[PDB]
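Working notes, beginning with the structure itself.
In this analysis, Cβ positions are derived from the backbone assuming ideal geometry, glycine residues included, and neighbour counts consider all displayed protein chains. Just so it is clear, none of the values below were taken in a lab; they were calculated from the coordinates.
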Amino acid sequence: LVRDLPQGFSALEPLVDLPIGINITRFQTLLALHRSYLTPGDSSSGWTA
Amino acid sequence: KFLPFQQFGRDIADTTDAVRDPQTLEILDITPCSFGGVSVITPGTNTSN
Ligand SMILES: *[C@@H]1O[C@H](CO)[C@@H](O)[C@H](O)[C@H]1NC(C)=O
């Protein structure tokens, strides 16, 4: 849609259950960088995502 | 059909109204037992049994 946040109505359903005694207060998403073989004249490197 | 990962059901009362066994992928609908009672129609003890 035009906006990422929707206006319609939709419920949820269970998926899984993992039992572990570990506290969770903050998370962090993981980013994978694809190796880029740039030409010498590009003069670009360091990050790509 | 039921939910993709649902297990049981219910109805107007607290009674359940569903069962799932993906092996059979079965869906049903539940109702209360037939139930019955008796009423006696007698002309009178002193008239005829
Ligand atoms: C029933 O009918 C008979 C017939 O007259 C009467 O004698 C009697 O009092 C009535 N009642 C009962 C309980 O029998």
Considering only region B:1-20, state which residues are over 18 Å from A:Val16 (Cα atoms) and either away from chain A (no Cβ under 14 Å) or not in a loop (DSSP other than H, G, I, E, B) (or both).
B:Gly9, B:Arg10, B:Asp11, B:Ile12, B:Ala13, B:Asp14, B:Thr15, B:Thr16, B:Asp17, B:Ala18, B:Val19
So B:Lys1 passes all but one of these: (1) away from the ligand (no atom under 16 Å from the Cβ); (2) without any contact (Cβ under 8 Å) to a residue 24 or more places away in the chain; (3) surrounded by fewer than 10 Cβ atoms within 10 Å (Cβ to Cβ). Which condition number does it fail?
(2)
Checked pairs for region B:28-47, first part of a loop (DSSP other than H, G, I, E, B), second surrounded by fewer than 10 Cβ atoms within 10 Å (Cβ to Cβ), C-beta under 9 Å and 6 or more apart or across chains, list as B:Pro32/B:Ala13; B:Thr42/B:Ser48; B:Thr42/B:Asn49
